[PDB]
Amino acid sequence: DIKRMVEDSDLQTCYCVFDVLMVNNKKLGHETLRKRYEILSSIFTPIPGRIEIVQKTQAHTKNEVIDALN
DNA sequence: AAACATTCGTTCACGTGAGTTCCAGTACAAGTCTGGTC
């Protein structure tokens, strides 16, 4: 039940962010994914266990996709 | 001088390419039903 955390449970809630759509009266929804990913590193400094940024890896072949799936 | 062969413009039938209407296959999106736990 991440849907409803229990107080006695040892595990806690974590937020893995993979997009930003607005920062300081600047609308990022019409921008490219590259620029939003770049901006996402200038909003918060992640602290493991509570808030994090999902890692994206560059790839330009099908074999890379298959290796990641495996 | 008379008979037969050849040629010519005409005619019909049959075949092939391009335009138009109708329907089947495909794609995508939304709706509906179901499963599991906490």
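- Looking at the method and resolution fields of the entry, one finds cryo-EM and 3.1 Å.

**As for a nonpolar patch on the surface**
Piece 1. On the surface, a cluster of nonpolar side chains totalling about 300 Å² of accessible area is made up of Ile 2, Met 5 and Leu 11.
Piece 2. Along the chain, the position of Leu 11 falls in the segment before strand 1 (15–17).

**Focus: the nonpolar core**
Piece 1. Listed in full, the 6 residues of the largest apolar core are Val 17, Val 20, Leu 28, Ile 39, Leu 40 and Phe 44.
Piece 2. Beyond its immediate sequence surroundings of up to four residues, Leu 28 is in contact with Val 20, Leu 21, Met 22, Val 23, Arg 36 and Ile 39.

**So, the packing of aromatic side chains**
Piece 1. For the structure shown, the criterion picks out 0 aromatic pairs.
Piece 2. Directly above the aromatic system of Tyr 37 lies the positively charged group of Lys 56, at a separation of 5.3 Å from the ring centroid.

**Details of the side chain of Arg 36**
Piece 1. Topologically, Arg 36 is positioned in helix 1 (residues 33–40).
Piece 2. At a separation of 3.4 Å, a polar atom in the side chain of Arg 36 contacts the side chain of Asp 19.

The rules we used
- Residues numbered from 1 in each chain as written, not as in the entry; some residues may be left out.
- Chains lettered and ligands numbered in written order.
- Part of a larger assembly, values for the part shown.
- Heavy atoms only, no water.
- Patch = residues over 30% accessible without salt bridge, like charges linked within 9 Å, V, L, I, M, F, W, Y side chains within 5 Å.
- Areas by Shrake-Rupley, 256 points an atom, 1.4 Å probe, with all protein chains shown as cover.
- Salt bridge = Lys/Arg side-chain N within 4 Å of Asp/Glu carboxyl O.
- Helix = DSSP H or I, 4+ residues; strand = E, 2+ residues; numbered from the N terminus.
- Core = buried A, V, L, I, M, F, W, Y, C linked by side-chain atoms within 4.5 Å.
- Buried < 20%, exposed > 50% of the residue type's maximum accessible area, 1.4 Å probe, protein only.
- Contact = heavy atoms within 4.5 Å.
- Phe/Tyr/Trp six-rings, centres within 6.5 Å; stacked < 30°, edge-to-face > 60°.
- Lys NZ or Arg CZ within 6 Å of the ring centre and 35° of its normal.
- Polar contact = N/O pair within 3.5 Å; in protein donor to acceptor, adjacent residues only side chain to side chain.

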